[PDB]
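**Q** my_file29.cif (mmCIF, C-alpha atoms; chains and numbers go by the auth columns) pasted underneath:
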```
data_query
#
loop_
_atom_site.group_PDB
_atom_site.id
_atom_site.type_symbol
_atom_site.label_atom_id
_atom_site.label_comp_id
_atom_site.label_asym_id
_atom_site.label_seq_id
_atom_site.Cartn_x
_atom_site.Cartn_y
_atom_site.Cartn_z
_atom_site.B_iso_or_equiv
_atom_site.auth_seq_id
_atom_site.auth_asym_id
ATOM 1 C CA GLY A 1 7.164 27.516 -14.282 0.00 1 A
ATOM 2 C CA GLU A 2 5.701 25.050 -11.798 0.00 2 A
ATOM 3 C CA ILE A 3 2.498 24.794 -13.833 0.00 3 A
ATOM 4 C CA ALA A 4 4.373 24.011 -17.051 0.00 4 A
ATOM 5 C CA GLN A 5 6.338 21.295 -15.233 0.00 5 A
ATOM 6 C CA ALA A 6 3.143 19.788 -13.811 0.00 6 A
ATOM 7 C CA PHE A 7 1.651 19.641 -17.313 0.00 7 A
ATOM 8 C CA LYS A 8 4.745 17.782 -18.551 0.00 8 A
ATOM 9 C CA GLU A 9 4.410 15.260 -15.728 0.00 9 A
ATOM 10 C CA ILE A 10 0.670 14.881 -16.380 0.00 10 A
ATOM 11 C CA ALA A 11 1.350 14.203 -20.078 0.00 11 A
ATOM 12 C CA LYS A 12 3.962 11.577 -19.193 0.00 12 A
ATOM 13 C CA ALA A 13 1.531 9.863 -16.821 0.00 13 A
ATOM 14 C CA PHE A 14 -1.235 9.909 -19.479 0.00 14 A
ATOM 15 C CA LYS A 15 1.099 8.096 -21.891 0.00 15 A
ATOM 16 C CA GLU A 16 1.966 5.473 -19.296 0.00 16 A
ATOM 17 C CA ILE A 17 -1.731 4.993 -18.504 0.00 17 A
ATOM 18 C CA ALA A 18 -2.466 4.657 -22.232 0.00 18 A
ATOM 19 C CA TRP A 19 0.222 1.995 -22.618 0.00 19 A
ATOM 20 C CA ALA A 20 -1.151 0.026 -19.641 0.00 20 A
ATOM 21 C CA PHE A 21 -4.681 0.221 -21.109 0.00 21 A
ATOM 22 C CA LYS A 22 -3.383 -1.204 -24.399 0.00 22 A
ATOM 23 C CA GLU A 23 -1.642 -4.058 -22.579 0.00 23 A
ATOM 24 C CA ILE A 24 -4.850 -4.832 -20.680 0.00 24 A
ATOM 25 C CA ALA A 25 -6.861 -4.807 -23.921 0.00 25 A
ATOM 26 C CA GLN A 26 -4.371 -7.254 -25.458 0.00 26 A
ATOM 27 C CA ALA A 27 -4.826 -9.501 -22.411 0.00 27 A
ATOM 28 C CA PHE A 28 -8.609 -9.621 -22.845 0.00 28 A
ATOM 29 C CA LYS A 29 -8.452 -10.058 -26.623 0.00 29 A
ATOM 30 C CA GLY A 30 -5.921 -12.892 -26.479 0.00 30 A
ATOM 31 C CA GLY B 1 0.422 30.590 -5.703 0.00 1 B
ATOM 32 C CA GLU B 2 -2.604 28.390 -5.090 0.00 2 B
ATOM 33 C CA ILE B 3 -3.105 27.473 -8.763 0.00 3 B
ATOM 34 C CA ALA B 4 0.474 26.182 -9.029 0.00 4 B
ATOM 35 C CA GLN B 5 0.007 24.221 -5.793 0.00 5 B
ATOM 36 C CA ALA B 6 -3.142 22.541 -7.119 0.00 6 B
ATOM 37 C CA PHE B 7 -1.339 21.562 -10.345 0.00 7 B
ATOM 38 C CA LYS B 8 1.501 20.019 -8.327 0.00 8 B
ATOM 39 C CA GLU B 9 -1.100 17.922 -6.481 0.00 9 B
ATOM 40 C CA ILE B 10 -2.836 16.943 -9.717 0.00 10 B
ATOM 41 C CA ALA B 11 0.523 15.841 -11.113 0.00 11 B
ATOM 42 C CA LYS B 12 1.281 13.814 -7.975 0.00 12 B
ATOM 43 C CA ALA B 13 -2.015 11.944 -8.186 0.00 13 B
ATOM 44 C CA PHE B 14 -1.481 11.264 -11.905 0.00 14 B
ATOM 45 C CA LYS B 15 1.917 9.694 -11.175 0.00 15 B
ATOM 46 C CA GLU B 16 0.262 7.400 -8.606 0.00 16 B
ATOM 47 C CA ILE B 17 -2.500 6.476 -11.052 0.00 17 B
ATOM 48 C CA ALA B 18 0.093 5.647 -13.714 0.00 18 B
ATOM 49 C CA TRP B 19 2.019 3.429 -11.278 0.00 19 B
ATOM 50 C CA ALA B 20 -1.158 1.570 -10.295 0.00 20 B
ATOM 51 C CA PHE B 21 -2.022 1.050 -13.972 0.00 21 B
ATOM 52 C CA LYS B 22 1.416 -0.466 -14.607 0.00 22 B
ATOM 53 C CA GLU B 23 0.899 -2.793 -11.622 0.00 23 B
ATOM 54 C CA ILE B 24 -2.520 -3.845 -12.933 0.00 24 B
ATOM 55 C CA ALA B 25 -1.158 -4.486 -16.434 0.00 25 B
ATOM 56 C CA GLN B 26 1.671 -6.558 -14.932 0.00 26 B
ATOM 57 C CA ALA B 27 -0.889 -8.667 -13.049 0.00 27 B
ATOM 58 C CA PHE B 28 -2.545 -9.491 -16.377 0.00 28 B
ATOM 59 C CA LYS B 29 0.881 -10.824 -17.457 0.00 29 B
ATOM 60 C CA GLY B 30 1.195 -13.148 -14.468 0.00 30 B
ATOM 61 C CA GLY C 1 -10.835 32.969 -7.537 0.00 1 C
ATOM 62 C CA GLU C 2 -12.974 30.223 -9.075 0.00 2 C
ATOM 63 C CA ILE C 3 -10.187 29.316 -11.497 0.00 3 C
ATOM 64 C CA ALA C 4 -8.086 28.347 -8.487 0.00 4 C
ATOM 65 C CA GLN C 5 -11.117 26.653 -6.930 0.00 5 C
ATOM 66 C CA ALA C 6 -11.720 24.587 -10.063 0.00 6 C
ATOM 67 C CA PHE C 7 -8.187 23.199 -10.074 0.00 7 C
ATOM 68 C CA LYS C 8 -8.425 22.594 -6.311 0.00 8 C
ATOM 69 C CA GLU C 9 -11.523 20.472 -6.915 0.00 9 C
ATOM 70 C CA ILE C 10 -9.745 18.646 -9.749 0.00 10 C
ATOM 71 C CA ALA C 11 -6.855 17.867 -7.377 0.00 11 C
ATOM 72 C CA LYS C 12 -9.292 16.354 -4.861 0.00 12 C
ATOM 73 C CA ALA C 13 -11.017 14.250 -7.521 0.00 13 C
ATOM 74 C CA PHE C 14 -7.762 12.808 -8.810 0.00 14 C
ATOM 75 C CA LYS C 15 -6.569 12.051 -5.279 0.00 15 C
ATOM 76 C CA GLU C 16 -9.777 10.028 -4.870 0.00 16 C
ATOM 77 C CA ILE C 17 -8.993 8.252 -8.156 0.00 17 C
ATOM 78 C CA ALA C 18 -5.428 7.508 -7.037 0.00 18 C
ATOM 79 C CA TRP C 19 -6.784 5.907 -3.853 0.00 19 C
ATOM 80 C CA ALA C 20 -9.230 3.809 -5.873 0.00 20 C
ATOM 81 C CA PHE C 21 -6.633 2.411 -8.272 0.00 21 C
ATOM 82 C CA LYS C 22 -4.133 1.697 -5.496 0.00 22 C
ATOM 83 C CA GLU C 23 -6.850 -0.475 -3.951 0.00 23 C
ATOM 84 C CA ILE C 24 -7.505 -2.190 -7.290 0.00 24 C
ATOM 85 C CA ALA C 25 -3.820 -2.977 -7.772 0.00 25 C
ATOM 86 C CA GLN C 26 -3.841 -4.619 -4.323 0.00 26 C
ATOM 87 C CA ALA C 27 -7.033 -6.577 -5.070 0.00 27 C
ATOM 88 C CA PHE C 28 -5.362 -8.300 -8.016 0.00 28 C
ATOM 89 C CA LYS C 29 -2.799 -9.864 -5.657 0.00 29 C
ATOM 90 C CA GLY C 30 -5.471 -12.129 -4.152 0.00 30 C
ATOM 91 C CA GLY D 1 -12.345 27.186 -18.544 0.00 1 D
ATOM 92 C CA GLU D 2 -12.397 24.430 -21.138 0.00 2 D
ATOM 93 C CA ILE D 3 -9.324 22.586 -19.833 0.00 3 D
ATOM 94 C CA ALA D 4 -10.726 22.441 -16.293 0.00 4 D
ATOM 95 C CA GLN D 5 -14.047 21.154 -17.664 0.00 5 D
ATOM 96 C CA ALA D 6 -12.243 18.425 -19.592 0.00 6 D
ATOM 97 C CA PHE D 7 -10.244 17.403 -16.483 0.00 7 D
ATOM 98 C CA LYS D 8 -13.539 17.058 -14.583 0.00 8 D
ATOM 99 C CA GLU D 9 -15.086 14.876 -17.308 0.00 9 D
ATOM 100 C CA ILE D 10 -11.944 12.729 -17.388 0.00 10 D
ATOM 101 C CA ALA D 11 -12.094 12.401 -13.579 0.00 11 D
ATOM 102 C CA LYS D 12 -15.733 11.250 -13.684 0.00 12 D
ATOM 103 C CA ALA D 13 -14.881 8.636 -16.330 0.00 13 D
ATOM 104 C CA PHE D 14 -11.857 7.431 -14.313 0.00 14 D
ATOM 105 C CA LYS D 15 -14.130 6.928 -11.303 0.00 15 D
ATOM 106 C CA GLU D 16 -16.542 4.801 -13.328 0.00 16 D
ATOM 107 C CA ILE D 17 -13.628 2.796 -14.749 0.00 17 D
ATOM 108 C CA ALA D 18 -12.294 2.276 -11.212 0.00 18 D
ATOM 109 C CA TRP D 19 -15.664 1.004 -9.986 0.00 19 D
ATOM 110 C CA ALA D 20 -15.854 -1.489 -12.874 0.00 20 D
ATOM 111 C CA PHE D 21 -12.262 -2.644 -12.274 0.00 21 D
ATOM 112 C CA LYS D 22 -13.214 -3.296 -8.648 0.00 22 D
ATOM 113 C CA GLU D 23 -16.195 -5.427 -9.650 0.00 23 D
ATOM 114 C CA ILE D 24 -14.028 -7.358 -12.135 0.00 24 D
ATOM 115 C CA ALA D 25 -11.260 -8.038 -9.589 0.00 25 D
ATOM 116 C CA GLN D 26 -13.889 -9.048 -7.032 0.00 26 D
ATOM 117 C CA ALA D 27 -15.447 -11.455 -9.534 0.00 27 D
ATOM 118 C CA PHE D 28 -12.096 -13.236 -10.006 0.00 28 D
ATOM 119 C CA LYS D 29 -12.230 -14.094 -6.272 0.00 29 D
ATOM 120 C CA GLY D 30 -15.809 -15.255 -5.718 0.00 30 D
ATOM 121 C CA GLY E 1 -6.374 26.402 -28.873 0.00 1 E
ATOM 122 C CA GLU E 2 -4.640 23.097 -29.585 0.00 2 E
ATOM 123 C CA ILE E 3 -4.202 21.904 -26.009 0.00 3 E
ATOM 124 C CA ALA E 4 -7.845 22.624 -25.114 0.00 4 E
ATOM 125 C CA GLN E 5 -8.947 20.769 -28.244 0.00 5 E
ATOM 126 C CA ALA E 6 -6.741 17.800 -27.338 0.00 6 E
ATOM 127 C CA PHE E 7 -8.190 17.750 -23.816 0.00 7 E
ATOM 128 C CA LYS E 8 -11.731 17.739 -25.217 0.00 8 E
ATOM 129 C CA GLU E 9 -10.839 14.766 -27.436 0.00 9 E
ATOM 130 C CA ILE E 10 -9.283 12.927 -24.485 0.00 10 E
ATOM 131 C CA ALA E 11 -12.439 13.482 -22.430 0.00 11 E
ATOM 132 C CA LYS E 12 -14.602 12.140 -25.282 0.00 12 E
ATOM 133 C CA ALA E 13 -12.525 8.952 -25.500 0.00 13 E
ATOM 134 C CA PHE E 14 -12.576 8.465 -21.711 0.00 14 E
ATOM 135 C CA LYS E 15 -16.391 8.571 -21.713 0.00 15 E
ATOM 136 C CA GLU E 16 -16.354 5.747 -24.276 0.00 16 E
ATOM 137 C CA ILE E 17 -13.785 3.701 -22.336 0.00 17 E
ATOM 138 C CA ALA E 18 -15.943 4.104 -19.233 0.00 18 E
ATOM 139 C CA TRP E 19 -19.026 2.851 -21.096 0.00 19 E
ATOM 140 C CA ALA E 20 -17.116 -0.247 -22.203 0.00 20 E
ATOM 141 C CA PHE E 21 -15.776 -1.018 -18.727 0.00 21 E
ATOM 142 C CA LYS E 22 -19.304 -0.779 -17.309 0.00 22 E
ATOM 143 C CA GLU E 23 -20.462 -3.339 -19.897 0.00 23 E
ATOM 144 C CA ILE E 24 -17.567 -5.668 -19.056 0.00 24 E
ATOM 145 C CA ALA E 25 -18.248 -5.469 -15.320 0.00 25 E
ATOM 146 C CA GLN E 26 -21.898 -6.309 -15.984 0.00 26 E
ATOM 147 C CA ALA E 27 -20.817 -9.370 -17.990 0.00 27 E
ATOM 148 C CA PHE E 28 -18.787 -10.622 -15.029 0.00 28 E
ATOM 149 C CA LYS E 29 -21.878 -10.204 -12.820 0.00 29 E
ATOM 150 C CA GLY E 30 -23.922 -12.328 -15.226 0.00 30 E
ATOM 151 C CA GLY F 1 4.515 24.242 -28.443 0.00 1 F
ATOM 152 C CA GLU F 2 5.803 20.829 -27.428 0.00 2 F
ATOM 153 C CA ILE F 3 3.216 20.329 -24.699 0.00 3 F
ATOM 154 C CA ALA F 4 0.360 20.801 -27.174 0.00 4 F
ATOM 155 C CA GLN F 5 1.963 18.153 -29.390 0.00 5 F
ATOM 156 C CA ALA F 6 2.227 15.740 -26.457 0.00 6 F
ATOM 157 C CA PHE F 7 -1.475 16.024 -25.637 0.00 7 F
ATOM 158 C CA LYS F 8 -2.410 15.634 -29.323 0.00 8 F
ATOM 159 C CA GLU F 9 -0.549 12.313 -29.277 0.00 9 F
ATOM 160 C CA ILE F 10 -2.342 11.316 -26.062 0.00 10 F
ATOM 161 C CA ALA F 11 -5.710 12.079 -27.646 0.00 11 F
ATOM 162 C CA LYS F 12 -4.892 9.765 -30.563 0.00 12 F
ATOM 163 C CA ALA F 13 -3.790 6.958 -28.242 0.00 13 F
ATOM 164 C CA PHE F 14 -6.948 7.080 -26.135 0.00 14 F
ATOM 165 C CA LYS F 15 -9.216 7.032 -29.168 0.00 15 F
ATOM 166 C CA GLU F 16 -7.450 3.813 -30.184 0.00 16 F
ATOM 167 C CA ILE F 17 -8.043 2.482 -26.676 0.00 17 F
ATOM 168 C CA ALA F 18 -11.741 3.347 -26.809 0.00 18 F
ATOM 169 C CA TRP F 19 -11.990 1.421 -30.091 0.00 19 F
ATOM 170 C CA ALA F 20 -10.222 -1.597 -28.605 0.00 20 F
ATOM 171 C CA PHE F 21 -12.487 -1.804 -25.563 0.00 21 F
ATOM 172 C CA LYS F 22 -15.612 -1.296 -27.658 0.00 22 F
ATOM 173 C CA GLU F 23 -14.752 -4.595 -29.360 0.00 23 F
ATOM 174 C CA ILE F 24 -13.919 -6.321 -26.064 0.00 24 F
ATOM 175 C CA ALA F 25 -17.171 -5.169 -24.454 0.00 25 F
ATOM 176 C CA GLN F 26 -19.289 -6.480 -27.320 0.00 26 F
ATOM 177 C CA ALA F 27 -17.345 -9.785 -27.275 0.00 27 F
ATOM 178 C CA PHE F 28 -18.545 -10.245 -23.676 0.00 28 F
ATOM 179 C CA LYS F 29 -22.118 -10.550 -25.009 0.00 29 F
ATOM 180 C CA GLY F 30 -21.600 -13.296 -27.608 0.00 30 F
#
```
Can you dump the structure from the file as structure tokens?
**A**
Amino acid sequence: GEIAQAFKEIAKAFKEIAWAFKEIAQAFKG
Amino acid sequence: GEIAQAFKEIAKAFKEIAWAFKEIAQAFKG
Amino acid sequence: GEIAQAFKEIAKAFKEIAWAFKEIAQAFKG
Amino acid sequence: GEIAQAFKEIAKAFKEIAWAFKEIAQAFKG
Amino acid sequence: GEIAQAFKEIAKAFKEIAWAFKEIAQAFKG
Amino acid sequence: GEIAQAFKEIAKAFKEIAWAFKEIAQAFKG
């Protein structure tokens, strides 16, 4: 289904956003 | 229908947010 | 109905967010 | 329902994070 | 009910991330 | 299913992020 595919893409983007947030936090902490 | 179309547009925006986040994280690495 | 309308409004909100973070990614170039 | 409500709350928080990112990037340039 | 629960937890965390970014932006303004 | 598991993982990652930026925000005060 198109909706199921969109959810998969949204999950993948959330994980990429999470990883970028963690890199930014490391930049401020260091 | 219209619900599937809205989810495709949500997914598109999420992909663009994830890309921007990766760009921002890369700027904090120089 | 209003289920469709809710996801349509979510699509608009995240398009606004995508615009915002594209501008932030550009602002870090300067 | 509950998923749409959570998307809306996430969108509102993203917008506040975007505004703060803008002020931070602007600070780095004067 | 798992996906709705996960979305509620994501929304909770985003509210807290937003609070922190607003504090950080205020620090850069003073 | 799998998509529920993906969002459960995302929830755990963003709670870690909220924790990280709580510390960063309070470090910007002294």
**Q** Provide the atom CA of residue 4 of chain C to atom CA of residue 5 of chain E distance in Å, to one decimal place.
**A**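 Going from atom CA of residue 4 of chain C over to atom CA of residue 5 of chain E, I get 21.2 Å.
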**Q** Which residues come within 12 Å of residue 14 of chain D, counting all atoms listed in the file, excluding same-chain residues fewer than 2 positions away, as number ranges by chain?
**A** A: 17; B: 14, 17, 21; C: 13-21; D: 7-12, 16-21; E: 10-11, 13-19, 21-22
**Q** How many Å separate atom CA of residue 25 of chain D from atom CA of residue 27 of chain C?
**A**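 Atom-to-atom, atom CA of residue 25 of chain D and atom CA of residue 27 of chain C are spaced 6.4 Å apart.
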**Q** How many Å separate atom CA of residue 26 of chain A from atom CA of residue 29 of chain B?
**A**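 Straight-line distance from atom CA of residue 26 of chain A to atom CA of residue 29 of chain B works out to 10.2 Å.
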**Q** Using all atoms listed in the file, which residues sit within 9 Å of residue 28 of chain B once same-chain residues fewer than 3 positions away are excluded, as a list in words?
**A**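 Selected residues are residues 23, 24, 27 and 28 of chain A; 23, 24 and 25 of chain B; 28 of chain C.
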**Q** Assuming the input is short of atoms at segment 15-27 of chain A, produce N, CA and C atoms for that part as an mmCIF file, in the coordinates of the input.
**A**
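Resulting contents of rebuild06.cif:
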```cif
data_model
loop_
_atom_site.group_PDB
_atom_site.id
_atom_site.type_symbol
_atom_site.label_atom_id
_atom_site.label_comp_id
_atom_site.auth_asym_id
_atom_site.auth_seq_id
_atom_site.Cartn_x
_atom_site.Cartn_y
_atom_site.Cartn_z
ATOM 1 N N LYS A 15 0.533 9.036 -20.925
ATOM 2 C CA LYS A 15 1.099 8.096 -21.891
ATOM 3 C C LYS A 15 1.338 6.736 -21.259
ATOM 4 N N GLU A 16 1.780 6.732 -20.005
ATOM 5 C CA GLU A 16 1.966 5.473 -19.296
ATOM 6 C C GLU A 16 0.630 4.793 -19.039
ATOM 7 N N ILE A 17 -0.403 5.573 -18.703
ATOM 8 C CA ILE A 17 -1.731 4.993 -18.504
ATOM 9 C C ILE A 17 -2.260 4.430 -19.819
ATOM 10 N N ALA A 18 -2.048 5.158 -20.920
ATOM 11 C CA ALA A 18 -2.466 4.657 -22.232
ATOM 12 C C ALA A 18 -1.798 3.322 -22.546
ATOM 13 N N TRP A 19 -0.490 3.226 -22.309
ATOM 14 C CA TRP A 19 0.222 1.995 -22.618
ATOM 15 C C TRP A 19 -0.306 0.827 -21.792
ATOM 16 N N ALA A 20 -0.572 1.059 -20.500
ATOM 17 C CA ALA A 20 -1.151 0.026 -19.641
ATOM 18 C C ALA A 20 -2.542 -0.394 -20.118
ATOM 19 N N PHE A 21 -3.375 0.569 -20.540
ATOM 20 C CA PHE A 21 -4.681 0.221 -21.109
ATOM 21 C C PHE A 21 -4.535 -0.688 -22.327
ATOM 22 N N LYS A 22 -3.573 -0.385 -23.205
ATOM 23 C CA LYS A 22 -3.383 -1.204 -24.399
ATOM 24 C C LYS A 22 -2.894 -2.604 -24.045
ATOM 25 N N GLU A 23 -2.052 -2.726 -23.019
ATOM 26 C CA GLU A 23 -1.642 -4.058 -22.579
ATOM 27 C C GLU A 23 -2.817 -4.836 -22.006
ATOM 28 N N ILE A 24 -3.692 -4.162 -21.257
ATOM 29 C CA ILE A 24 -4.850 -4.832 -20.680
ATOM 30 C C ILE A 24 -5.819 -5.267 -21.778
ATOM 31 N N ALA A 25 -6.015 -4.420 -22.797
ATOM 32 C CA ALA A 25 -6.861 -4.807 -23.921
ATOM 33 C C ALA A 25 -6.302 -6.035 -24.632
ATOM 34 N N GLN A 26 -4.982 -6.079 -24.842
ATOM 35 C CA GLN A 26 -4.371 -7.254 -25.458
ATOM 36 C C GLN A 26 -4.620 -8.505 -24.624
ATOM 37 N N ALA A 27 -4.610 -8.358 -23.296
ATOM 38 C CA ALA A 27 -4.826 -9.501 -22.411
ATOM 39 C C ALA A 27 -6.237 -10.056 -22.554
#
```
